[PDB]
C-alpha cells in the first residue's frame, strides 16, 4: 500500500513530465512507465548508475533483481525512503525526484544490495560495489552496517558510515557526516543512531556510542559521548544544549 501508492504517484508524475519535456520523454518511459513496479525501476536506474565493464548494467541488474526476489522488503524501504525525503526536504516536491535524481537516495538503496550480498557471503562483490557506490555518489557505506527505513541522506556528498554502525528508522543525515571509529578499537567501534535522529551537515559521530531517539546533532559537531533521547548536541567537542 505504501509501496503501491508511491509507485502510482511516480507513474502519474512521469506521464505529465514526459509531455512537458520531449528531450527527456524516452528517459521517463524507459526508466518508469514501461516498468510494472518500483523494483523494476530502481534496479534499472541503479544498474545504470553503477555499471562498469567489469560488471555492466545489464548483468548487474540481475544481481539486484535476485536480491529483491529473495528479500522483497528492500524495495519497501526504498518506498519509505522516497516518501521520507519528499516530506522532509522542502526542495523536493515530486515523488519521482528522489527516484530519478537524488544521489543520497541512490546511495542508500545501493547499500541495501551490498548488505544483502555481504550476508550471502558474496563479500568480494559487496566490496566491489561499495567502491562503485562511493565513486558514483560520493557516499561510503560499509556493507555490514545496519540501516532501517525512512532514511534521508540529504545531498549525500561526503557521508561515511562504518562497518559496525547502526541507523534505525526515520533518521536524517546531511552532507559531510561521519559515523564512527575512534583511533583505537576493533570489534564494535561505531555509533548507534536510534530512530528519528536529525544529524546536521558536517557532524562527526565517533565511537560505539548511543545517539538517543529524536536527538538533534548540530552542524560540524564532534560527538564523542552518548546523547540522551530528545536532546540537542552542538559544538566541538559536542555539549548537550
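Positions refer to the first chain, counted from 1.
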### Query
Between 179-187 and 194-202, which has the larger average Cα B-factor in the PDB entry?
179-187
### Task
Would you mind comparing 157-165 and 128-136 for me and telling me which has the higher average C-alpha temperature factor in the entry?
157-165
### Query
In terms of the chain's CA B-factor thirds, is residue 70 lowest, middle or highest?
highest
### Task
Could you look up the Cα B-factor of residue 39 in the entry and say which third of the chain it sits in: lowest, middle or highest?
lowest
### Task
Comparing against every modelled residue in the chain, figure out the third that the C-alpha B-factor of residue 53 lands in (lowest, middle or highest).
lowest
### Query
Lowest, middle or highest third: where is residue 103 by Cα B-factor in its chain?
lowest
### Query
How does residue 215 rank on Cα B-factor within its chain, lowest, middle or highest third?
highest
